[PDB]
Amino acid sequence: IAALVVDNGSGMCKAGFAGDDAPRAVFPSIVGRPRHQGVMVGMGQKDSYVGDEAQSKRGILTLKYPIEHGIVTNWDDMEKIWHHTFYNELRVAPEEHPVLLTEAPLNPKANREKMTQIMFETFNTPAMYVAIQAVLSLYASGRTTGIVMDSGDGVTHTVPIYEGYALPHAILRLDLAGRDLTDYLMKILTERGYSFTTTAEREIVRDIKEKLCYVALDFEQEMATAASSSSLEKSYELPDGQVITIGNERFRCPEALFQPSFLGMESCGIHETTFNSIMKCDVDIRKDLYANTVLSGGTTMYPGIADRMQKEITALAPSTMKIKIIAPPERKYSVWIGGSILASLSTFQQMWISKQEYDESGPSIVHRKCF
Amino acid sequence: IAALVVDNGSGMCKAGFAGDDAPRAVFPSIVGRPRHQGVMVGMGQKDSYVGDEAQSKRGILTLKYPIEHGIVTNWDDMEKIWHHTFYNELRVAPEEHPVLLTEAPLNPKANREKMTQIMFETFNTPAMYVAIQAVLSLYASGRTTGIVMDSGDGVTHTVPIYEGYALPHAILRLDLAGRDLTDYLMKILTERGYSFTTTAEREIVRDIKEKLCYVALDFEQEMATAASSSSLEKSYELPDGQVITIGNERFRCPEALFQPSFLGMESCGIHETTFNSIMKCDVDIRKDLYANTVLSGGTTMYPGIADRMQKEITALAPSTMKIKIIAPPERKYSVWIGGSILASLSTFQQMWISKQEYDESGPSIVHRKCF
Amino acid sequence: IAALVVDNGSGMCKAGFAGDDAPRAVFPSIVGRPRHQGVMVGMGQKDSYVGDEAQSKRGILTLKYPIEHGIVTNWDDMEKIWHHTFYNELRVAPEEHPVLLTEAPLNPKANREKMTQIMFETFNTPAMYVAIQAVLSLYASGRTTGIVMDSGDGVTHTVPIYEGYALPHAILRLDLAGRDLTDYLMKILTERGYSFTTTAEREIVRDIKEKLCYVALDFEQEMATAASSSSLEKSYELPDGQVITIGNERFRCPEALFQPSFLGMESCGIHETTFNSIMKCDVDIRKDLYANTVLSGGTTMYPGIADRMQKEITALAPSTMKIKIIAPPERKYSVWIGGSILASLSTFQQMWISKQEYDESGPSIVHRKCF
Amino acid sequence: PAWXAXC
Amino acid sequence: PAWXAXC
Ligand SMILES: Nc1ncnc2c1ncn2[C@@H]1O[C@H](COP(=O)(O)OP(=O)(O)O)[C@@H](O)[C@H]1O
Ligand SMILES: Nc1ncnc2c1ncn2[C@@H]1O[C@H](COP(=O)(O)OP(=O)(O)O)[C@@H](O)[C@H]1O
Ligand SMILES: Nc1ncnc2c1ncn2[C@@H]1O[C@H](COP(=O)(O)OP(=O)(O)O)[C@@H](O)[C@H]1O
Ligand SMILES: [Mg+2]
Ligand SMILES: [Mg+2]
Ligand SMILES: [Mg+2]
């Protein structure tokens, strides 16, 4: 039987069977409910739409993300996401196949506990493992020594991993993520009088970000150009047909990854957290990391972010280093791909916790393997 | 020479010289135009009317407010308002006195720029400034540490400003306001038999709103009190002298401030936007902010609102914490009171942008010290 | 005129006149700059804040320590700490009283010049001396021979002082200290779902470390007890009123002092660096030392730390050497206390570098000493 | 409806 | 807000 691989991303759920080269199910991790009383009873409405359903019916629903910064905040909402993942999106009985769960680094013990409990007892999975997302990210490029800079909708994190072993004390988390950049995008679009408030409107702003924002290579000269010619500014049209112009705002939004001060976060920028994790690594190995900075997760998709990460972390490194930013295509779903790779293998076939083990030993098996 | 302080509220304009403790002029901010052909050539009638002249002629004019949600939706009717503000209501030449305007948080950047051009190139002011409405208020409260819930006819803002250093990232703007509740009062009064439609009737509804309506301390219990008894029934005479008996309506009309789901907006109640604004700030200052919660603007004048506020945030906030809704009498004009203080506070005398500066740096000068 | 005694500790600056048995000033050595814009200009707001002013204003400031690990990082920041010490904390003109500066052993020779030059040329001290911290500690403990284990916010220092002299060859500078220990508390809190990131938030964690944390006499026995029963669990509520619930974390943090492995530190633990220091001595003085183990500096305060240190170092030494741990109260301040005694000696009153000596010799006065 | 797009 | 004491 083929194990099931699920990337529990904060914004989108990527899932499939082991050995697929790309995820089968790729959908926004949304649970919806209706904002108004239902009146055409002959329609036969259902009380909570999920995934692409909620995104289809958008403006009659309140939209809930159950995962905030990797923390599962609402469990019955997340349980419905997994129910839909299994019975509808993949069409499989999860009690008959082993399951691979991705998880974010430095995420509290209880999240793994409740994930475990729900898998082993709501879905009765037969065997299971929970992988540190960055491991899978590095593995996805086929390399086995580097530092990963992961940056999803909910978490940005830096993990050094050498000869395939992680450095746990040298990990960093920064919660400034894709949602936060959507937040700041609202605020700056408000300057040109484009207000967006409802969750539905939030999704419009997410769409806008995903197609007109880009990482400026040279912020000062760019912003001087933006104050000198309209040629850097362009437009997009709403689901309401009307056009909206995105301008200075284009670059100002993604600039925040390097300047978290712009969202009033004192926390260091992504170039600083990568550097500050390399400098937490043992003095020997820093070279091996500089040739192997791998980017992963969807907010690493901004045009020019690689160029900026390079030209920035260049300044943080000493001169005479091969500072090479590994930013391929498929970085989008890389984490999942790595899951599928690792899942296919007899060595990893030792790692999966048997349901029976958990059943007999309680949470005491997972309380170890979470490190 | 004495400067002028003018608050461009979406419903009523408040203006006067600095130093005074109440704003001399209050023209309700309305422009209105003849709804029919003028027939008596001997009357000496005029093209359009404003403020209390518009109120006097009300039953024959279409009424337009040229500010909505704080945005100046029409510039010619705003400029008419300023012409009447200065040369008719205050009998002062604005080209001989510095002037301070007021503006809402998060309002579109273009608004400040147009206002500035109209002041410097219609009214030829010597020097100008545009204070952020909330800010002025804490000055009006004395206290330089606190969170201001300003709620007028148009906007609602919840700035927290600490140790006198702001926290702009924590600002929340909720477009539920007094106009929105006037509009909702029309809908609920229909249920008992009363029709209001015209712009002129909107002002009669406003009068009913300013007299008989009040905030329930507990909606369900007071609801039930109606359902059991006539005890909350009170009556108001229209201009016809016919009495209209309204009830179950008073503690419903403004219950919208705590349940915007009644009016088909999505965002949480003014108590929830208060708590959530505090929760955006760095975790130390919260103790001091809960003890310095300030109310301002005419829609904070509902009887019972303080009690409801204090209990509502006492539910949301921690136990073993103290909640102080500082809500004085005269909370209403607690802006042209703060602006009076600010123009009097002689250390501020460098802040007024000079006409010569604006004539060199163009509209870009207005973005000096704002959000 | 009386002398002034100053302790340039990594975390808190302890200062006061000589002969006194407690310092007159004790404050966190922080330069705190604005995080945000000072909109209420009437405050008279400061370009930076220091000590208890910064700690009151915590929520609006970026808190920088000028000493990191043990070395001054930015001289002007340290210079502000000193300026504030004299004029604000002590309310004295530094031109008017002799001055003693504490210093760490093996601090590079140029630092001595910078300190000396600042104290004469910035602060006009009428006489000056610079002293090895650790000596002062034993001196204060009365005894004329022993091994010091001094640990503050930045450096753990072990010195065997014999016949009243530091033995320089035996001095084991250890880069593990209070600040480093603070970081690890952040992580083990994270396990249970509590988060803290901003540099303000760091200082909150410091408050927790100084209260709930303690040293267990034997690690897995204690931990097994804690894993069995919630009896070992206590709480402490943040400035935002929410209680934190804490058990297993309480012994786990300061365990690190015995296990630098927990933090990936290559250097040995606190008992270890003590032994490892003892063994380097002239063999005849080994027993002279073992009866004379002396603890000091703020990190030495944890309950059970002395009893643990005894059971720990007893393993490393050959038995029957009679190892004894000097750890009464007031050991929070032994270092500054020692200087206060030293500065009371009439011989020392002859021995200072005078202002006139520096005004003839400049910084070259140290070149006879520094080799 | 007061703003440009949006309300 | 996710976090138990922080977000
Ligand atoms: N073209 C793009 N440019 C910038 N950001 C993007 C783009 N496409 C997707 N994203 C961001 O990727 C984030 C989610 O990526 P992903 O890692 O697949 O989901 P999750 O973060 O939930 O695991 C979203 O917040 C979205 O803003
Ligand atoms: N006694 C009252 N109780 C409740 N609301 C009131 C009362 N008096 C006036 N209001 C409302 O306050 C609104 C005006 O708000 P105000 O703060 O005075 O000016 P602005 O709207 O410019 O901020 C009016 O539209 C009115 O509906
Ligand atoms: N009672 C206590 N419990 C735990 N830690 C303490 C206690 N008292 C002081 N400390 C720690 O000691 C550190 C500083 O020690 P100290 O030697 O006084 O400062 P410095 O070395 O900078 O002079 C602080 O970081 C503080 O956390
Ligand atoms: Mg992800
Ligand atoms: Mg107003
Ligand atoms: Mg010290």
# chains A, B, ... in the order shown; residues from 1 in each chain; ligands from 1
call {"tool": "residues_near_ligand", "arguments": {"ligand": "ligand 1", "cutoff": "6 Å", "atoms": "only C-alpha atoms and all ligand atoms", "output": "list in words"}}
result
residues 9, 10, 11, 12, 152, 153, 154, 178, 179, 206, 210, 211, 297, 298, 299, 301, 302, 332 and 333 of chain A
call {"tool": "write_last_selection", "arguments": {"atoms": "N, CA, C and O atoms", "output": "PDB file, in the first residue's frame"}}
result
ATOM      1  N   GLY A   9       0.501  23.177   5.395  1.00  0.00           N
ATOM      2  CA  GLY A   9       0.845  24.545   5.234  1.00  0.00           C
ATOM      3  C   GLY A   9      -0.150  25.530   5.773  1.00  0.00           C
ATOM      4  O   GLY A   9      -1.334  25.211   5.824  1.00  0.00           O
ATOM      5  N   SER A  10       0.286  26.703   6.248  1.00  0.00           N
ATOM      6  CA  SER A  10      -0.633  27.618   6.950  1.00  0.00           C
ATOM      7  C   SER A  10      -1.685  28.272   6.047  1.00  0.00           C
ATOM      8  O   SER A  10      -2.727  28.712   6.544  1.00  0.00           O
ATOM      9  N   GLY A  11      -1.400  28.399   4.755  1.00  0.00           N
ATOM     10  CA  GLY A  11      -2.244  28.990   3.726  1.00  0.00           C
ATOM     11  C   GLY A  11      -2.851  27.990   2.748  1.00  0.00           C
ATOM     12  O   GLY A  11      -3.999  28.157   2.327  1.00  0.00           O
ATOM     13  N   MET A  12      -2.096  26.960   2.373  1.00  0.00           N
ATOM     14  CA  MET A  12      -2.536  26.017   1.355  1.00  0.00           C
ATOM     15  C   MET A  12      -2.161  24.610   1.779  1.00  0.00           C
ATOM     16  O   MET A  12      -1.081  24.396   2.336  1.00  0.00           O
ATOM     17  N   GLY A 152       6.544  30.403   4.206  1.00  0.00           N
ATOM     18  CA  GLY A 152       5.168  30.146   3.805  1.00  0.00           C
ATOM     19  C   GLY A 152       4.246  31.325   4.091  1.00  0.00           C
ATOM     20  O   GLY A 152       4.685  32.444   4.340  1.00  0.00           O
ATOM     21  N   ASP A 153       2.941  31.054   4.098  1.00  0.00           N
ATOM     22  CA  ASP A 153       1.914  32.015   4.500  1.00  0.00           C
ATOM     23  C   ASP A 153       1.956  32.344   5.993  1.00  0.00           C
ATOM     24  O   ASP A 153       1.551  33.442   6.376  1.00  0.00           O
ATOM     25  N   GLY A 154       2.441  31.419   6.836  1.00  0.00           N
ATOM     26  CA  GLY A 154       2.438  31.557   8.292  1.00  0.00           C
ATOM     27  C   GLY A 154       3.801  31.617   8.984  1.00  0.00           C
ATOM     28  O   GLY A 154       3.906  32.261  10.025  1.00  0.00           O
ATOM     29  N   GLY A 178       3.571  35.216   4.721  1.00  0.00           N
ATOM     30  CA  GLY A 178       2.773  35.658   3.579  1.00  0.00           C
ATOM     31  C   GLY A 178       1.487  36.362   3.969  1.00  0.00           C
ATOM     32  O   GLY A 178       1.094  37.343   3.334  1.00  0.00           O
ATOM     33  N   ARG A 179       0.860  35.915   5.051  1.00  0.00           N
ATOM     34  CA  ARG A 179      -0.307  36.574   5.593  1.00  0.00           C
ATOM     35  C   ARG A 179       0.065  37.976   6.053  1.00  0.00           C
ATOM     36  O   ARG A 179      -0.568  38.935   5.640  1.00  0.00           O
ATOM     37  N   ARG A 206      -4.725  39.129  -1.508  1.00  0.00           N
ATOM     38  CA  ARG A 206      -3.798  38.008  -1.693  1.00  0.00           C
ATOM     39  C   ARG A 206      -3.507  37.756  -3.172  1.00  0.00           C
ATOM     40  O   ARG A 206      -2.351  37.680  -3.584  1.00  0.00           O
ATOM     41  N   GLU A 210       0.126  38.287  -5.280  1.00  0.00           N
ATOM     42  CA  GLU A 210       0.581  37.180  -6.076  1.00  0.00           C
ATOM     43  C   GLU A 210       0.756  37.499  -7.555  1.00  0.00           C
ATOM     44  O   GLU A 210       1.230  36.638  -8.297  1.00  0.00           O
ATOM     45  N   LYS A 211       0.531  38.743  -7.984  1.00  0.00           N
ATOM     46  CA  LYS A 211       0.717  39.000  -9.410  1.00  0.00           C
ATOM     47  C   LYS A 211       1.277  40.366  -9.798  1.00  0.00           C
ATOM     48  O   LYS A 211       1.723  40.542 -10.933  1.00  0.00           O
ATOM     49  N   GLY A 297       8.889  27.232  -0.020  1.00  0.00           N
ATOM     50  CA  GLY A 297       7.587  27.759   0.388  1.00  0.00           C
ATOM     51  C   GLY A 297       7.172  29.018  -0.372  1.00  0.00           C
ATOM     52  O   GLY A 297       8.008  29.783  -0.856  1.00  0.00           O
ATOM     53  N   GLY A 298       5.869  29.237  -0.504  1.00  0.00           N
ATOM     54  CA  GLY A 298       5.352  30.097  -1.556  1.00  0.00           C
ATOM     55  C   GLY A 298       5.752  31.567  -1.488  1.00  0.00           C
ATOM     56  O   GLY A 298       5.879  32.195  -2.530  1.00  0.00           O
ATOM     57  N   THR A 299       6.020  32.142  -0.304  1.00  0.00           N
ATOM     58  CA  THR A 299       6.433  33.557  -0.310  1.00  0.00           C
ATOM     59  C   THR A 299       7.862  33.750  -0.792  1.00  0.00           C
ATOM     60  O   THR A 299       8.253  34.884  -1.055  1.00  0.00           O
ATOM     61  N   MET A 301       8.458  33.047  -3.766  1.00  0.00           N
ATOM     62  CA  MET A 301       8.157  33.204  -5.166  1.00  0.00           C
ATOM     63  C   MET A 301       8.204  34.623  -5.710  1.00  0.00           C
ATOM     64  O   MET A 301       7.953  34.811  -6.893  1.00  0.00           O
ATOM     65  N   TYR A 302       8.495  35.620  -4.939  1.00  0.00           N
ATOM     66  CA  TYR A 302       8.524  36.976  -5.416  1.00  0.00           C
ATOM     67  C   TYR A 302       9.634  37.150  -6.435  1.00  0.00           C
ATOM     68  O   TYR A 302      10.766  36.780  -6.138  1.00  0.00           O
ATOM     69  N   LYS A 332       7.845  26.418  -4.898  1.00  0.00           N
ATOM     70  CA  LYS A 332       6.423  26.450  -4.614  1.00  0.00           C
ATOM     71  C   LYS A 332       5.935  25.306  -3.743  1.00  0.00           C
ATOM     72  O   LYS A 332       5.385  25.530  -2.670  1.00  0.00           O
ATOM     73  N   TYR A 333       6.113  24.077  -4.170  1.00  0.00           N
ATOM     74  CA  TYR A 333       5.666  22.872  -3.506  1.00  0.00           C
ATOM     75  C   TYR A 333       6.792  21.944  -3.059  1.00  0.00           C
ATOM     76  O   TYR A 333       6.535  20.841  -2.591  1.00  0.00           O
TER      77      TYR A 333
END
call {"tool": "residues_around", "arguments": {"residues": "residue C:353", "least_positions_apart": "5", "cutoff": "7 Å", "atoms": "only C-alpha atoms", "output": "MDAnalysis selection string"}}
result
chainID C and resid 127:129 358
call {"tool": "interface_residues", "arguments": {"of": "chain D", "to": "chain A", "cutoff": "6 Å", "atoms": "only C-alpha atoms", "output": "PDB file with N, CA and C atoms, in the first residue's frame"}}
result
ATOM      1  N   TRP D   3     -14.672  55.281  -0.875  1.00  0.00           N
ATOM      2  CA  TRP D   3     -13.411  55.220  -1.230  1.00  0.00           C
ATOM      3  C   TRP D   3     -13.356  55.030  -2.604  1.00  0.00           C
ATOM      4  N   UNK D   4     -12.246  54.632  -3.239  1.00  0.00           N
ATOM      5  CA  UNK D   4     -12.318  54.452  -4.562  1.00  0.00           C
ATOM      6  C   UNK D   4     -12.838  53.115  -4.753  1.00  0.00           C
ATOM      7  N   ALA D   5     -12.115  51.960  -4.664  1.00  0.00           N
ATOM      8  CA  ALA D   5     -12.726  50.759  -4.828  1.00  0.00           C
ATOM      9  C   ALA D   5     -13.022  50.305  -3.536  1.00  0.00           C
ATOM     10  N   UNK D   6     -13.665  49.093  -3.241  1.00  0.00           N
ATOM     11  CA  UNK D   6     -13.891  48.786  -1.945  1.00  0.00           C
ATOM     12  C   UNK D   6     -15.135  49.377  -1.410  1.00  0.00           C
TER      13      UNK D   6
END
call {"tool": "residues_around", "arguments": {"residues": "stretch 24-33 of chain C", "least_positions_apart": "2", "cutoff": "7 Å", "atoms": "only C-alpha atoms", "output": "number ranges by chain"}}
result
C: 11-16, 22, 35, 47-52, 54, 61-66, 77, 81, 89-90
call {"tool": "write_last_selection", "arguments": {"atoms": "C-alpha atoms", "output": "mmCIF file, in the first residue's frame"}}
result
data_model
loop_
_atom_site.group_PDB
_atom_site.id
_atom_site.type_symbol
_atom_site.label_atom_id
_atom_site.label_comp_id
_atom_site.auth_asym_id
_atom_site.auth_seq_id
_atom_site.Cartn_x
_atom_site.Cartn_y
_atom_site.Cartn_z
ATOM 1 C CA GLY C 11 23.906 43.379 32.871
ATOM 2 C CA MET C 12 23.582 45.801 35.751
ATOM 3 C CA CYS C 13 25.841 48.682 36.755
ATOM 4 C CA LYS C 14 26.511 48.716 40.491
ATOM 5 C CA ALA C 15 27.851 52.055 41.810
ATOM 6 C CA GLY C 16 28.319 54.178 44.984
ATOM 7 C CA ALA C 22 25.618 48.379 49.617
ATOM 8 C CA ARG C 35 11.036 52.119 18.234
ATOM 9 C CA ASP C 47 16.897 60.720 21.914
ATOM 10 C CA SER C 48 17.562 57.699 24.162
ATOM 11 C CA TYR C 49 16.675 56.434 27.649
ATOM 12 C CA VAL C 50 18.686 54.419 30.220
ATOM 13 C CA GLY C 51 18.331 52.227 33.323
ATOM 14 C CA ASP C 52 14.948 52.250 35.034
ATOM 15 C CA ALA C 54 14.167 52.542 29.670
ATOM 16 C CA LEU C 61 12.030 51.193 22.968
ATOM 17 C CA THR C 62 14.733 49.118 21.240
ATOM 18 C CA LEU C 63 16.870 48.005 24.196
ATOM 19 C CA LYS C 64 20.609 47.658 23.375
ATOM 20 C CA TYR C 65 23.190 46.340 25.822
ATOM 21 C CA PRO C 66 26.563 48.088 25.229
ATOM 22 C CA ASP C 77 26.707 53.908 24.453
ATOM 23 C CA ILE C 81 25.863 54.648 30.791
ATOM 24 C CA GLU C 89 21.931 57.836 39.306
ATOM 25 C CA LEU C 90 24.327 59.297 41.879
#
call {"tool": "interface_residues", "arguments": {"of": "chain B", "to": "chain A", "cutoff": "12 Å", "atoms": "only C-alpha atoms", "output": "PyMOL selection string"}}
result
chain B and resi 69-73+105-113+166-176+260-268+280-282+364+367+370-371
call {"tool": "select_by_dssp", "arguments": {"residues": "stretch 317-362 of chain A", "states": "strand (DSSP E)", "output": "PyMOL selection string"}}
result
chain A and resi 325-326+353-354
call {"tool": "write_last_selection", "arguments": {"atoms": "C-alpha atoms", "output": "mmCIF file, in the first residue's frame"}}
result
data_model
loop_
_atom_site.group_PDB
_atom_site.id
_atom_site.type_symbol
_atom_site.label_atom_id
_atom_site.label_comp_id
_atom_site.auth_asym_id
_atom_site.auth_seq_id
_atom_site.Cartn_x
_atom_site.Cartn_y
_atom_site.Cartn_z
ATOM 1 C CA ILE A 325 21.299 31.378 -3.540
ATOM 2 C CA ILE A 326 19.568 28.148 -4.567
ATOM 3 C CA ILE A 353 5.255 5.102 14.316
ATOM 4 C CA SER A 354 2.904 2.142 14.354
#
call {"tool": "atom_distance", "arguments": {"atom1": "atom CA of residue A:336", "atom2": "atom CA of residue A:8"}}
result
9.5 Å
call {"tool": "select_by_dssp", "arguments": {"residues": "stretch 66-117 of chain B", "states": "alpha helix (DSSP H)", "output": "PyMOL selection string"}}
result
chain B and resi 75-84+109-117
call {"tool": "write_last_selection", "arguments": {"atoms": "C-alpha atoms", "output": "tab-separated table (two decimals), in the first residue's frame"}}
result
chain	number	residue	atom	x	y	z
B	75	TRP	CA	-14.44	69.04	-3.32
B	76	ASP	CA	-16.64	71.90	-4.55
B	77	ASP	CA	-19.25	71.32	-1.80
B	78	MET	CA	-16.40	71.03	0.75
B	79	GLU	CA	-14.91	74.28	-0.51
B	80	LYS	CA	-18.34	75.91	-0.29
B	81	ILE	CA	-18.42	74.68	3.31
B	82	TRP	CA	-15.04	76.31	4.06
B	83	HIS	CA	-16.09	79.58	2.37
B	84	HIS	CA	-19.13	79.63	4.71
B	109	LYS	CA	-3.26	60.15	0.93
B	110	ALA	CA	-4.79	62.23	-1.86
B	111	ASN	CA	-7.27	63.85	0.57
B	112	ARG	CA	-4.61	65.65	2.62
B	113	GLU	CA	-3.01	66.80	-0.66
B	114	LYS	CA	-6.22	68.32	-2.11
B	115	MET	CA	-7.10	69.93	1.26
B	116	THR	CA	-3.67	71.52	1.33
B	117	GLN	CA	-3.95	72.88	-2.19
call {"tool": "residues_around", "arguments": {"residues": "residue A:92", "least_positions_apart": "6", "cutoff": "10 Å", "atoms": "only C-alpha atoms", "output": "mmCIF file with N, CA, C and O atoms, in the first residue's frame"}}
result
data_model
loop_
_atom_site.group_PDB
_atom_site.id
_atom_site.type_symbol
_atom_site.label_atom_id
_atom_site.label_comp_id
_atom_site.auth_asym_id
_atom_site.auth_seq_id
_atom_site.Cartn_x
_atom_site.Cartn_y
_atom_site.Cartn_z
ATOM 1 N N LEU A 4 0.292 8.070 2.401
ATOM 2 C CA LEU A 4 -0.303 9.357 2.124
ATOM 3 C C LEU A 4 0.538 10.478 2.714
ATOM 4 O O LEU A 4 0.892 10.408 3.873
ATOM 5 N N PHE A 17 -0.377 10.882 -2.797
ATOM 6 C CA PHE A 17 0.185 9.593 -2.408
ATOM 7 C C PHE A 17 1.714 9.655 -2.509
ATOM 8 O O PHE A 17 2.272 10.384 -3.318
ATOM 9 N N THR A 85 -9.560 16.488 2.788
ATOM 10 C CA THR A 85 -8.314 16.012 2.179
ATOM 11 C C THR A 85 -8.414 14.534 1.837
ATOM 12 O O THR A 85 -8.083 14.118 0.726
ATOM 13 N N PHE A 86 -8.903 13.733 2.779
ATOM 14 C CA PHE A 86 -8.932 12.282 2.627
ATOM 15 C C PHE A 86 -10.118 11.787 1.785
ATOM 16 O O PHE A 86 -9.920 11.246 0.697
#
call {"tool": "atom_distance", "arguments": {"atom1": "atom CA of residue A:291", "atom2": "atom CA of residue A:338"}}
result
19.9 Å
call {"tool": "atom_distance", "arguments": {"atom1": "atom CA of residue C:124", "atom2": "atom CA of residue C:95"}}
result
4.7 Å
call {"tool": "residues_around", "arguments": {"residues": "residue B:139", "least_positions_apart": "5", "cutoff": "8 Å", "atoms": "only C-alpha atoms", "output": "PDB file with C-alpha atoms, in the first residue's frame"}}
result
ATOM      1  CA  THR B 144      -0.438  61.414  27.123  1.00  0.00           C
ATOM      2  CA  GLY B 338      -7.586  69.233  21.607  1.00  0.00           C
ATOM      3  CA  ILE B 341      -4.724  73.168  23.084  1.00  0.00           C
ATOM      4  CA  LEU B 342      -2.305  72.093  20.318  1.00  0.00           C
TER       5      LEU B 342
END
call {"tool": "closest_residue", "arguments": {"among": "C:225, C:350, C:320, C:156", "to": "ligand 3", "atoms": "only C-alpha atoms and all ligand atoms"}}
result
C:156
call {"tool": "residues_around", "arguments": {"residues": "residue A:164", "least_positions_apart": "2", "cutoff": "9 Å", "atoms": "only C-alpha atoms", "output": "list in words"}}
result
residues 135, 138, 139, 143, 144, 145, 146, 161, 162 and 166 of chain A
